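*Asks:* Compute the structure for the input listed below.
(3 chains, ligands or ions: 3)
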Amino acid sequence: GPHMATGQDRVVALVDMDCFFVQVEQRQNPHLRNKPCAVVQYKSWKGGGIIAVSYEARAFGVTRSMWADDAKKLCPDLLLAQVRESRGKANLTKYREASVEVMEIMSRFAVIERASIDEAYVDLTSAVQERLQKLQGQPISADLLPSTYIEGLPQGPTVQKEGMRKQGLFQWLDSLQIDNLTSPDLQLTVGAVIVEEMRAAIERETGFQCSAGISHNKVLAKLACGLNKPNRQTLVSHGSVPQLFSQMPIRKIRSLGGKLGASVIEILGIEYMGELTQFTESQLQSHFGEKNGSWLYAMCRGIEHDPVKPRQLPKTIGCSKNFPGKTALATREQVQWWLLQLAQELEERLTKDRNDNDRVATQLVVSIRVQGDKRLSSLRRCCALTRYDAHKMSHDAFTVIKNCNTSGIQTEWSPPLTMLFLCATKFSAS
DNA sequence: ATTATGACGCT
DNA sequence: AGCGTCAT
Ligand SMILES: Nc1ncnc2c1ncn2[C@H]1C[C@H](O)[C@@H](COP(=O)(O)OP(=O)(O)OP(=O)(O)O)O1
Ligand SMILES: [Mn+2]
Ligand SMILES: [Mn+2]
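*Replies:* Numbers count the residues shown, from 1 in each chain, chains lettered A, B, ... in the order given. Ligands and ions are numbered 1, 2, ... in the order given. Sharing the structure here:
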């Protein structure tokens, strides 16, 4: 009844850039604009690996993780932009700096949580309360929501997509009761108005387009954002959840895309998120543990409480490189050379970070992978990070890993290393 | 030879 | 702490 929490206390948005690395390259090179194009790293092995794809190219079936040579088979006129290489490795600085552009604009509207290089969550609860006050009981015009979808609408008693968007929007608005300053649906709508403003600002000031989801929590906001990309935003109301989840594969929900989600499906013998409602909290806790069980019980009802953390900057700064196949490092000075290259990029990014953000990393994590292992990281060791100097860091990294070498000979490295990883962690204010 | 990251959970 | 999971 009225005691039952419905998880409608917050207004949360997720803003995610469209085809982000592609857009970064398209802004820089006008020739790539409005074309099937993709961003690739490296070149020698099968044309390089694709990590971002324009929507024009997606129509041909081009995807992430596809080799460029294979993508060219689906899309002969596919244009390609290469990730910069520095010190023998891919360097993502251009995209990180483009990310900062967007993050700083979003921060003008509310405190954000950086969730990836191209997306951030927004807690709009306070901002919505203040827009509602200066509205002072005026209806929200559809003109204020020019790119907004309302999930689940229209319904009941039409052949074009923009026409459908508007029909759904008018059904939504004409059902809104704005007399109520605590109405969750009204609060979401105002949230959507603000996000329209945010997204306009991002495009105006960077040239980048993005999509967004507006709901009552992070999981629903993330799900919403993807429903109508690119260059659109979607509102998922609490009321839309039963229909939405009744046919929603469990793997589509954030954190359930892996082994846990597979276990939910296998153990319970279900396919869709909505089917979870038929289990007690204790039942779910028994199968998936106390934390996961409570989380699942609430989530399948559209309820989740993970807060938007006040964190705009990444907590770690890392440098990594794979050495696949026959390129695996088999000599000590090979290992030492590449540790230096990684450490030099790390020092560069660390020094920039210290100046920009008034902080200093205090711990260096070293990770390697060995030939034969299917694990991402065969070993992780930490040591102290007392100075921002590449030679010191690479020498220290070598020290903490050098006895991983099985080889009785000290000049040769056995078994060959197929990955190196340097990560600066544990920041302190400075 | 699906690369380069980055956050959070478990024990 | 070191490892595993999930993620973009
Ligand atoms: N697995 C990955 N490996 C390396 N880089 C990645 C990977 N996934 C994503 N990226 C980079 C490239 C992307 O442009 C950027 C944003 O990722 P993501 O939001 O998932 O897709 P996207 O922005 O390229 O397209 P869209 O969000 O419109 O579907 O992060
Ligand atoms: Mn994106
Ligand atoms: Mn993203």
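*Asks:* At the contact with ligand 2, which residues of chain A appear?
*Replies:* Counting by CB under 5 Å from the ion, chain A comes close to ligand 2 at A:16-17, A:20, A:118. Backbone N, C-alpha and C define where each C-beta goes, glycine included.
*Asks:* and if we set it to 8 Å?
*Replies:* A:16-20, A:116, A:118-119, A:210-211, A:229 (CB under 8 Å from the ion).
*Asks:* Can you tell me how far the residue of the stretch 101-250 of chain A found nearest ligand 1 is from residue A:386?
*Replies:* As assessed by CB to the nearest ligand atom, ligand 1 sits closest to residue A:118 within the stretch 101-250 of chain A, at 3.9 Å. According to CB to CB, to the nearest Å, residue A:118 and residue A:386 sit 34 Å apart.
*Asks:* just residue A:1 next, same as before
*Replies:* 60 Å.
*Asks:* between those two, which one's more packed in?
*Replies:* Under the neighbour definition other CB atoms under 10 Å, residue A:1 and residue A:386 were set side by side, and residue A:386 has more, 12 against 3.
*Asks:* Now for the more buried one: which residues touch it?
*Replies:* residue A:392 (CB atoms under 8 Å, 6 or more residues apart in numbering).
*Asks:* What of residue A:65?
*Replies:* Neighbour list for residue A:65: A:49-51 [criterion: CB under 8 Å, 6+ apart].
*Asks:* Of the residues you listed, which is the most crowded?
*Replies:* residue A:50 leads the contacts of residue A:65 on contacts (other CB under 10 Å) with 22 neighbours.
*Asks:* Spell out, range by range, the helices that occur in the stretch 51-200 of chain A.
*Replies:* A:55-58, A:68-74, A:93-106, A:125-135, A:161-173, A:184-206 (DSSP state H, counting those that start in this stretch).
*Asks:* Which strand in chain A has the most residues?
*Replies:* Ranked by number of residues, the top strand in chain A under DSSP state E is strand A:412-429.
*Asks:* Report the buried residues of that strand.
*Replies:* A:413, A:415-424, A:427 (16 or more other CB atoms under 10 Å).
*Asks:* Wondering if it reaches DNA strand C at all.
*Replies:* No - using CB under 7 Å from any atom of the strand, we find that strand A:412-429 stays clear of DNA strand C, coming within 9.4 Å at best.
*Asks:* so what does that strand touch, helix or strand wise?
*Replies:* strand A:317-322, strand A:329-331, helix A:332-357, strand A:359-370 (3 or more CB pairs under 8 Å, 6 or more residues apart in numbering; DSSP states H and E).
*Asks:* And the longest one, what's buried?
*Replies:* Burial within helix A:332-357, assessed by neighbour count using 16+ other CB under 10 Å, is assigned to A:332, A:334-336, A:338-350, A:353.
*Asks:* With adjacent residues omitted, what lies nearest to residue A:351?
*Replies:* Using CB to CB, 6 or more residues apart in numbering and skipping residues adjacent in sequence, the residue nearest residue A:351 is residue A:388, 5.5 Å away.
*Asks:* Tell me if that neighbour really is in a helix.
*Replies:* No - under the criterion used here (DSSP: H, G, I helix; E, B strand; the rest coil), residue A:388 is coil, not part of a helix.
*Asks:* residues touching it, list them.
*Replies:* With CB under 8 Å, 6+ apart, residue A:388 has these contacts: A:347, A:350-351, A:354, A:360.
*Asks:* I'd like to know which of those is nearest to ligand 1.
*Replies:* Nearest to ligand 1 among those, with distances taken as CB to the nearest ligand atom, is residue A:350, at 21.5 Å.
*Asks:* Surely that closest one is in contact with residue A:359?
*Replies:* No - Residue A:350 lies out of contact with residue A:359 (CB atoms under 8 Å); the separation is 9.9 Å.
*Asks:* Quick one: neighbours of residue A:177, just the number.
*Replies:* 8.
*Asks:* Tell me the bridge partners for the spatially most central residue of chain A.
*Replies:* With distances taken as CA atoms, centre = their mean, the residue of chain A nearest its centroid is residue A:116 (3.9 Å). On the basis of DSSP bridges, residue A:116 is bridged to residue A:119.
*Asks:* Relative to residue A:102, how far out is it?
*Replies:* 11 Å.
*Asks:* if we can go back for a sec, greatest separation within the buried residues of strand A:412-429: which pair is it?
*Replies:* By the measure CB to CB, A:415 and A:427 form the most distant pair in those, at 34.6 Å.
*Asks:* re the thing from before, got the contacts of residue A:388 as CSV, with distance to DNA strand C columns?
*Replies:* Listed next are these as CSV, based on distance: CB to the nearest atom of the strand, whole Å:
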residue, distance to DNA strand C
A:347, 21
A:350, 20
A:351, 24
A:354, 23
A:360, 18
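*Asks:* what two of these are the furthest from one another?
*Replies:* Top of the distance list for those (CB to CB): A:347 and A:360, 12.7 Å.
*Asks:* one step back: now render the helices of the stretch 51-200 of chain A as a markdown table, adding mean neighbour count and distance to residue A:275.
*Replies:* Output for the helices of the stretch 51-200 of chain A, formatted as a markdown table (neighbours: other CB atoms under 10 Å; distance: least, CB to CB, whole Å):
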| stretch | mean neighbour count | distance to residue A:275 |
| --- | --- | --- |
| helix A:55-58 | 18 | 31 |
| helix A:68-74 | 16 | 36 |
| helix A:93-106 | 17 | 36 |
| helix A:125-135 | 15 | 31 |
| helix A:161-173 | 16 | 26 |
| helix A:184-206 | 20 | 25 |
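*Asks:* Is it possible to get JSON lines of the ones you listed that adds distance to residue A:30?
*Replies:* Formatted as JSON lines, the helices of the stretch 51-200 of chain A follow (distance: least, CB to CB, whole Å):
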{"stretch": "helix A:55-58", "distance to residue A:30": "15"}
{"stretch": "helix A:68-74", "distance to residue A:30": "22"}
{"stretch": "helix A:93-106", "distance to residue A:30": "16"}
{"stretch": "helix A:125-135", "distance to residue A:30": "36"}
{"stretch": "helix A:161-173", "distance to residue A:30": "27"}
{"stretch": "helix A:184-206", "distance to residue A:30": "15"}
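*Asks:* I appreciate the help and will end here.
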